[PDB]
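Visitor: Chains as they are written, first to last, in the authors' numbering: chain j, 1 to 33, 48 to 113; chain s, 1 to 201, 217 to 318; chain i, 1 to 347; chain W, 32 to 144; chain u, 2 to 172; chain U, 2 to 84; chain h, 2 to 106; chain m, 1 to 76, 123 to 175; chain k, 1 to 98.
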Amino acid sequence: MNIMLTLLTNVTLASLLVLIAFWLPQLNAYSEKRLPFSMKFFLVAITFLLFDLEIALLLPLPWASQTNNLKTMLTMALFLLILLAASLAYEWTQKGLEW
Amino acid sequence: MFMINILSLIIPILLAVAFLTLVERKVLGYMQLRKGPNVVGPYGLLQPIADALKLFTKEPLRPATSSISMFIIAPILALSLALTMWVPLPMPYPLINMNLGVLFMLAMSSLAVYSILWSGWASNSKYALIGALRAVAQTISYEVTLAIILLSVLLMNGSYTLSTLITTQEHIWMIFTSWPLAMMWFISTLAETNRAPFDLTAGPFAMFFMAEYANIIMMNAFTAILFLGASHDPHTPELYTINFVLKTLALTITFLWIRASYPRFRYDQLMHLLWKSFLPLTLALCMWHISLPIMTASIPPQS
Amino acid sequence: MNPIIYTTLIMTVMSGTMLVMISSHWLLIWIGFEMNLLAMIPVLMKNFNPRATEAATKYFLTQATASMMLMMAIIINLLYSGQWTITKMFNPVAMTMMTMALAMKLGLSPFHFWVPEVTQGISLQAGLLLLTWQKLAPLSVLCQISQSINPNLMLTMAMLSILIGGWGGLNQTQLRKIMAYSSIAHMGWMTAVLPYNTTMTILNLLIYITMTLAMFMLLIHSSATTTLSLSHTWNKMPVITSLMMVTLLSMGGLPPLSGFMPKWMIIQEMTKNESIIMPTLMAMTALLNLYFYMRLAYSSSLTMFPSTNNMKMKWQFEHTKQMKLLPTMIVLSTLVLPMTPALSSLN
Amino acid sequence: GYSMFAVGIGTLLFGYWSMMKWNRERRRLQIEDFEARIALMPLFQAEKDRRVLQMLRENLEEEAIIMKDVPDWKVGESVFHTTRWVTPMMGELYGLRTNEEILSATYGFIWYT
Amino acid sequence: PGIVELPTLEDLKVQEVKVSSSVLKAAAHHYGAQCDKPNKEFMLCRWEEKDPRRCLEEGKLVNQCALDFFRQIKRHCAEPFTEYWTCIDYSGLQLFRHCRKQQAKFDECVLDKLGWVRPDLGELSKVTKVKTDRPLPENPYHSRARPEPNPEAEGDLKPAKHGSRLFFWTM
Amino acid sequence: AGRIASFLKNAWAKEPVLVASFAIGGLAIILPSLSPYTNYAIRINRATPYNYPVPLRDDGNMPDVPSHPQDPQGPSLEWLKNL
Amino acid sequence: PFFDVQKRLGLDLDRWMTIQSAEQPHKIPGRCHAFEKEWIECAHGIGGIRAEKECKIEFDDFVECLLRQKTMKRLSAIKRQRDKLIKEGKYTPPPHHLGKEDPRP
Amino acid sequence: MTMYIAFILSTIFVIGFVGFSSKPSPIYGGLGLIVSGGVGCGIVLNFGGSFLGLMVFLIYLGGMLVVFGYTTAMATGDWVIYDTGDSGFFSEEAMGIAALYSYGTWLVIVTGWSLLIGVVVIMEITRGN
Amino acid sequence: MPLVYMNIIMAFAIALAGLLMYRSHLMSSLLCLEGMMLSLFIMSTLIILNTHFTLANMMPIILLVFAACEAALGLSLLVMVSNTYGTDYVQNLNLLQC
Ligand SMILES: CCCCCCCCCCCCCCCCC[C@@H](O)O[C@H](CO[C@H](O)CCCCCCCCCCCCCCC)COP(=O)(O)OCC[N+](C)(C)C
Ligand SMILES: CCCCCCCCCCCCCCCCC[C@@H](O)O[C@H](CO[C@H](O)CCCCCCCCCCCCCCC)COP(=O)(O)OCC[N+](C)(C)C
Ligand SMILES: CCCCCCCC/C=C\CCCCCCCC(=O)O[C@H](COC(=O)CCCCCCC/C=C/CCCCCCCC)COP(=O)(O)OCCN
Ligand SMILES: CCCCCCCC/C=C\CCCCCCCC(=O)O[C@H](COC(=O)CCCCCCC/C=C/CCCCCCCC)COP(=O)(O)OCCN
């Protein structure tokens, strides 16, 4: 409830300020007188998406450290990070990071 | 007495980002062997008021041919995110105490690029669209490293709670435990907020400017809390508040100093810098920080 | 593509199918399907061209929709019974939706429209892999839950598949579309015996895989895509045309060739359950498959079509690359009727 | 060149040692707090059982009063074939209570920030 | 199917412990050390019976024992305990680390008066044994009778009679 | 031996970031299997009481199970205190 | 079809997540642990058909625990009748249900 | 009771799905998708799954729908199902999710391999030729 | 079965209908697929959290990951189509026919 009130207050204040800034100069009358589609941008977007997915996999590490299976958890975390590094390396060597 | 707290957290932030422009002009002027604004008011103190009044009384240059919907939506989202990204912060007691505060900050920072995307799309120009695309790509690329560094550092904290960061650094700053991660985090915050050397690019313009400067102050306060902890005495929080504010101001002055003291990167140069210098080191240091508590039997408590 | 990358993608496709077949969790089965779909796309796009891209995007759209439907069915089944193990579905709506998802994955009618176009756009090698290997995971999943599937839905979809394959095969001229419609009809035949005996389903799957592997390898050997390109083959390698005609006769269900073993056996099983009208209908429908196979045989081997002068130069050069297991595939798809009882091996 | 790397590594090692000691102390404090909670648990369990049973009894009394006119209603009829004790839902306890405590019970922990 | 049985409100009446959470946390260690036997009996009964309605007497016993413990504390060491729980109460997290000094004063006072030794680290979390005369419940799950298993017949394999017997195949 | 040293010297020039990253990653992979404190970390994790310890029913044949928390029987956390 | 590699090798690749009552972390119990345990023990080594026919009581209780349809129906009926009576005016709620009660710890 | 806040959020979710399901001007359908995703995250957070809701709000909105918008621009009744007891001194959702590394070794292996193969597949497809 | 689950399944059905309608703009088809995925995530999360099936909390995250990967794949294909035609209208994919 408190966070909902905070978000509503923030949005309301921002909207009110924007509209008053937009309408204060509007009271006074005045004169009132493609193809390229670069592939590199799409490639960097896709790379960001995939690395974001791997980061999502990596996120629960702070709570994963208390399991009594420290060897298995450590092996799995290092496996995930090694796969992330290997994906980056494959993208690097095959000229996937060129402008 | 909750709305009072929200207003007392919102209005001072806006005043701070109002006077940050004056402080930045003065600092750059004195670094460039001149004086900043010192005619309007005693020492330029009335300059932000004059700038705001001039901006709000100037006619807006609405394209009259674009999508007015997204054109008016984008500043709303930018300012709303900039203001709502302050509530988890403990100084020293957060306004809203959340278990997963850091993830909330990361999520809002990730959402921040929608304003850039929509402003570029609604600008109705191919050049503006290209600029927006470059800005979006840079922001997301650097936010990847932001997230990785954040989780790697929090591995020594115990959880995602922001308040616990005060307890972790009670005896020693986190700057000494991991300085390389801190330096890469500082550069990532510089590049995320579009600041030199990474700044390739009436009403809504002022809206965007306030959002950007509020993001600057937020990022610097977050870095101060995360890496430069202050002693917290429960019976007198004013000491912690003073220390935290001083560290935030020092980091902001460092931001202005860095802007004034360096040339700017190219787009491809900064993309290369990230993808080929920060990300490999970030992965290596994340592995090191995963393995370190198990090596030294110093796993943080909370779970 | 690089040979190492191609080998890795093929291993990933096989690993996804294996994960689907050897897993006892619905989530792991869905993961296996996703891995199969993810690695299968570049195999279609090995020879880059607009037709391959369009076929690949059609295949991706259909498979993604099927996977989403399958996941929704899994979610509903979990909701109405907190079980993840692949067993009795415990819900009618979940079973119906999962049946539609597996029909989309398999290609049974009326979800059959994508098969002819995807087969036509993509190459012969890609088509061969898609036609035989892809069927193994959905068929295994259907066999694992055959005790819960509604006989009405499966039987009507199988009948519609047989009818549609038989009718659509008559019109086509390109060989790849003929193979697509043949696959549709064979799967209509094969899924009709799922509620009764899954061993017959597996036996029909094995026989069909052998026959279509042999026919696709023969089509690759004599690089023919349209009917006339196949008619030109007799002037260079008559043995290939003769073997192809024998395999085509086998694929039509003519005894004593191997292709008669499944149909016959399948009919027998549906006669044990007092189902008489349907096997008769499917036999008279498979007569249409026989008809267009016979037309292809007339065009290819039993008559000598006009040749071309330049073909003389092709007389001097031999096939540099020989594909192993082609003679074995032909023999297994033509002369294994006398060993029919070996189906008791629960193959 | 060597001196800068040596200084950096020395700072890293000092920070690691200090954090090791502090984190071990935090582990000990956490164990102490958990032991205090463990010592306090049985009283809380007893009070919770008593409160749940009292709420169920009050709901049963109200059901007996209200359902008096419904013809085929059996007051306090279980919906499970087994006779084993089954933990009641939130609605089984706060079904007939006022709305504010319904909201408190269902949403207070989530909404408390 | 069936009628649930619930104890009358007179069966749930007991002298409640009317102290706040901080007061309970201040004396949690000594309460656990001294009042251990009724607490352990109640908790074992709760875990074995799997039914709140079969453990009312142990709940009343633990309430009474806690009241006796707090009455002793009030009689002997009221003021140091008051200071200690006030300090514990002030903090938001109610941390023991904040005011070890007041805790030391309270511990020494209660060791002087009642001779109580504060349990060390790793002692209140031990698993213990309880000697009780309550009979072990024979079927706490109220389960039915398990259905009879399949015959699972056995024997020596013999060759199939007349082979496969599949149509005309004689082998 | 000489070729490997020459290659490492070459990589340490004009590419120090990759060398540092690989060295740190290799150290993080290798070291935990050699450190003697990892078993201490496992024991510390095991010693944290998250759930209520349910007492066992006494039958007269449990000498290793203490009857009171103060009793000497049972696991002790003196090793943790000394750390 | 189903090549049971796990049971052949005893690997336990994916069997721990199949059911609610199988070794949860920190021994956190499922909401319907008891009912699922009862049904599983009823239907083990019996076969699909016999388990469906004979252990229907346990499965019905399990589904009732999972979805609580009958409990919702009963509570809705009670609430509707109480609303009708309070509309006619023959029923008044006690202080306990009006917030005027004496709360207990 | 808050006018069935779960029901209000579910209805707003359905309204957003209807709005973006008509597929008008794919950028506007995207905007409807962000609205629906925000409402769904609100539902999940209200239910009690804070980590999963924040997971949606971070991954889905920040990365995946952002990539969607990037590519587009480049071109032309309740409250009764709940529990009764407590979770102890931890959050059950966080423990279950963090059990991915100690229990779900198979899941981690297959997901990592799938992601690596996805990288390879994307490079192969976008290579061109 | 409460109204929340009914509304979620209704949302999934609406998204499926939108995907199958196919007016134009294959990007809209991908958006409909991802709306279906989001509905699946919400429903699975609610079901798993309601029953305290702790070990199943892994399932949504995993799901999301895989689904997002598919989305990426789909986008790639879309791009190629545009690079061959200049635009992503669905009616342009008519070279292959039954
Ligand atoms: C043309 C006809 C098809 C031919 C197919 C190719 C022939 C070559 C294949 C080489 C051997 C195949 C298998 C390799 C042996 C080891 C694998 C073995 O362990 O698998 C066993 C099983 O063995 C195979 O199933 C038998 C393979 C034999 C296939 C031939 C039967 C064809 C019948 C009609 C044609 C007669 C033969 C013609 C010449 C080959 C385990 O069975 P099980 O895990 O417990 O049950 C799983 C099935 N369920 C789930 C339905 C219950
Ligand atoms: C066995 C066959 C080997 C050859 C064939 C390989 C086929 C494909 C490769 C994938 C199969 C690998 C098998 C791994 C199965 C995981 C389960 C098993 O390993 O036990 C685990 C043991 O963990 C091991 O550390 C697994 C490490 C293996 C992962 C490292 C390398 C994996 C590479 C596999 C291919 C992936 C892509 C290629 C990478 C190079 C569980 O540990 P445990 O503590 O008892 O149980 C915890 C649960 N509790 C809490 C109930 C007790
Ligand atoms: C015994 C076990 C010990 C464990 C090992 C740990 C030790 C690790 C030792 C090495 C770690 C060092 C990592 C530091 C980060 C490296 C970044 C980097 O290398 O990038 C630079 C580039 O970095 C930059 O130039 C960025 C400049 C951006 C402007 C900022 C100027 C810096 C001045 C500001 C002060 C920084 C403040 C830091 C403290 C912040 C407080 C919170 C190199 O790029 P190039 O020159 O192009 O070379 C690559 C091609 N060969
Ligand atoms: C087994 C551990 C693995 C995990 C740890 C590392 C994780 C993350 C780090 C790796 C991320 C991806 C790396 C991708 C590698 C790509 C290599 C490459 O192609 O780069 C070459 C250049 O790189 C090389 O020279 C080859 C590799 C460099 C050295 C590799 C490691 C050397 C040995 C490491 C260990 C050192 C010895 C240990 C000493 C211990 C202390 C005494 C091309 O240069 P460009 O940048 O493209 O050109 C720009 C200028 N025109």
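Yeah, the Cβ is synthetic: ideal placement off N, Cα and C, and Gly gets one too.
Since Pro96(h) and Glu89(h) are thought to touch, with beta carbons under 8 Å apart, how far apart are those beta carbons, to the nearest angstrom?
Guide: Contact doesn't hold; Cβ gap of about 21 Å is too wide.
Visitor: With respect to the alpha helix (DSSP H) encompassing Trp114(i), which residues constitute its N-terminal and C-terminal limits?
Guide: From DSSP, the alpha helix (DSSP H) with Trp114(i) extends over 114 to 121.
Visitor: Would you mind sorting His186(i) into buried or exposed? The rule is 16 or more other CB atoms within 10 Å of its CB.
Guide: Result: buried.
Visitor: Looking at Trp77(j) and ligand 4, is the gap between the Cβ and the nearest heavy atom below 6 Å?
Guide: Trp77(j): no, Cβ never under 6 Å from ligand 4.
Visitor: Would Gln7(h) pass as a contact of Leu14(h) if the rule is Cβ separation under 7 Å?
Guide: Result yes, Cβ atoms of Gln7(h) and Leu14(h) sit closer than 7 Å.
Visitor: So with CB distances below 8 Å, who are the chain i contacts of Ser165(u)?
Guide: Near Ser165(u) (Cβ distances below 8 Å), the residues of chain i are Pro341, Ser344.
Visitor: Go through its chain and collect everything with a Cβ distance to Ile187(s)'s Cβ below 8 Å, but skip five positions before and after it.
Guide: The residues are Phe293.
Visitor: Just mark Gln322(i) as buried or exposed, buried being the case when its beta carbon has 16 or more other beta carbons within 10 Å.
Guide: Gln322(i) comes out exposed.
Visitor: Touching or not, the region 94 to 109 of chain j and the region 56 to 72 of chain U, by the rule of three or more beta carbon pairs under 8 Å?
Guide: Taking 8 Å as the limit for Cβ pairs, the verdict is that the region 56 to 72 of chain U does not touch the region 94 to 109 of chain j.
Visitor: Check whether the region 283 to 303 of chain i and the region 159 to 166 of chain i touch, using three or more Cβ-Cβ pairs below 8 Å as the test.
Guide: These segments touch.
Visitor: Is there at least one Cβ from chain m nearer than 7 Å to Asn50(k)'s Cβ?
Guide: True, the Cβ-Cβ gap to chain m drops below 7 Å.
Visitor: When every heavy atom of ligand 1 is checked, does at least one fall within less than 6 Å of the C-beta of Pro2(h)?
Guide: It does: the Cβ of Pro2(h) is within 6 Å (strictly closer) of some heavy atom of ligand 1.
Visitor: Can you tell me which of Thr99(i), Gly166(i), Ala56(i) puts its alpha carbon nearest to the alpha carbon of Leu130(i)?
Guide: Selected option, being the one with the closest Cα: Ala56(i).
Visitor: In chain u, which residues lie less than 7 Å from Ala35(h) when you measure between Cβ atoms?
Guide: Going along chain u in sequence order, the residues near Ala35(h) (Cβ under 7 Å) are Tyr142.
Visitor: Among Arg173(m), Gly164(m), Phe20(m), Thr172(m), which has the Cα closest to the Cα of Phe65(j)?
Guide: Nearest option by C-alpha distance: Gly164(m).
Visitor: Quick check on this structure: which residue in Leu346(i), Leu337(i), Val115(i), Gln120(i) has the alpha carbon closest to the alpha carbon of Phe168(u)?
Guide: Out of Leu346(i), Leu337(i), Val115(i), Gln120(i), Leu337(i) has the C-alpha closest to the C-alpha of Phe168(u).
Visitor: Using 7 Å as the threshold, is the C-beta distance between residue 173(u) and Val131(u) below it?
Guide: Because chain u here runs from 2 to 172, residue 173(u) falls outside it and cannot be looked at.
Visitor: Apart from the five residues on each side of it in sequence, which residues of its chain come closer than 8 Å, Cβ to Cβ, to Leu203(i)?
Guide: Around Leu203(i): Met261, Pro262, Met265, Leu343, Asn347.
Visitor: Since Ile172(s) meets chain W, which of its residues come closer than 8 Å, beta carbon to beta carbon?
Guide: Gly46, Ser49, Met50, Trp53, listed in chain order.
Visitor: Output needed for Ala239(s): all residues of its chain with C-beta closer than 7 Å, excluding positions within five of it in sequence on either side, in chain order.
Guide: Contacts found: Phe259, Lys262, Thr263, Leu266.
Visitor: Taking 6 Å as the cut-off, is the CB of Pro180(s) close to at least one heavy atom of ligand 3?
Guide: Yes, the Cβ of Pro180(s) comes within 6 Å of a heavy atom of ligand 3.
Visitor: May I ask you to report which of helix, strand or coil DSSP gives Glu108(W)?
Guide: Strand, per DSSP.
Visitor: When you measure from the CB of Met339(i) to every non-hydrogen atom of ligand 1, does any distance come out below 6 Å?
Guide: Indeed, a heavy atom of ligand 1 lies less than 6 Å from the Cβ.
Visitor: I need the boundaries of the alpha helix (DSSP H) containing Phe68(m), first residue and last residue.
Guide: Per DSSP, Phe68(m) belongs to the alpha helix (DSSP H) from 66 to 74.
Visitor: Pairs of beta-carbons, one from the region 73 to 92 of chain i and one from the region 31 to 44 of chain i, closer than 8 Å: are there three or more?
Guide: Contact between the region 73 to 92 of chain i and the region 31 to 44 of chain i is absent, because fewer than three Cβ pairs lie under 8 Å.
Visitor: Mind pulling the alpha helix (DSSP H) runs of 4 or more residues that sit fully within the region 10 to 91 of chain s?
Guide: Whole alpha helix (DSSP H) segments, 4+ residues: 47 to 56, 68 to 84.
Visitor: Quick one: does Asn130(W) have its CB under 7 Å from some CB of chain m?
Guide: Cβ-Cβ to chain m under 7 Å: yes for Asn130(W).
Visitor: Under 6 Å, CB to any heavy atom of ligand 2. Which residues pass, going along the chain?
Guide: Output, sorted by chain position: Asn83(j), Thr86(j), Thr89(j), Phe93(j), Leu14(h), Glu24(h), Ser148(m), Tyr149(m), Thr151(m), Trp152(m), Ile155(m), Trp159(m).
Visitor: Assign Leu205(i) to one of three DSSP states: helix, strand, or coil.
Guide: Correct three-state label for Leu205(i): helix.
Visitor: State the CB to CB distance for the pair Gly32(m) and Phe20(m), rounded to an integer number of angstroms; the pair is presumed to be in contact (CB under 8 Å).
Guide: With 8 Å as the limit, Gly32(m) and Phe20(m) qualify as a contact, their Cβ atoms being about 3 Å apart.
Visitor: Taking contact to mean 3 or more Cβ pairs, one atom from each stretch, closer than 8 Å, check whether the region 49 to 61 of chain s and the region 14 to 27 of chain j are in contact.
Guide: Touching, yes.
Visitor: Ordered along the chain, which non-local residues of its own chain (more than five positions away) have a Cβ less than 6 Å from that of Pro308(s)?
Guide: For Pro308(s), where only same-chain residues beyond five positions count, the Cβ hits under 6 Å are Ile314.
Visitor: Helix, strand or coil: which one does DSSP assign to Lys130(u)?
Guide: Strand.
Visitor: Is there a Cβ of chain j sitting closer than 7 Å to that of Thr144(W), yes or no?
Guide: Taking Cβ atoms only, chain j reaches closer than 7 Å to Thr144(W), which makes this a yes.
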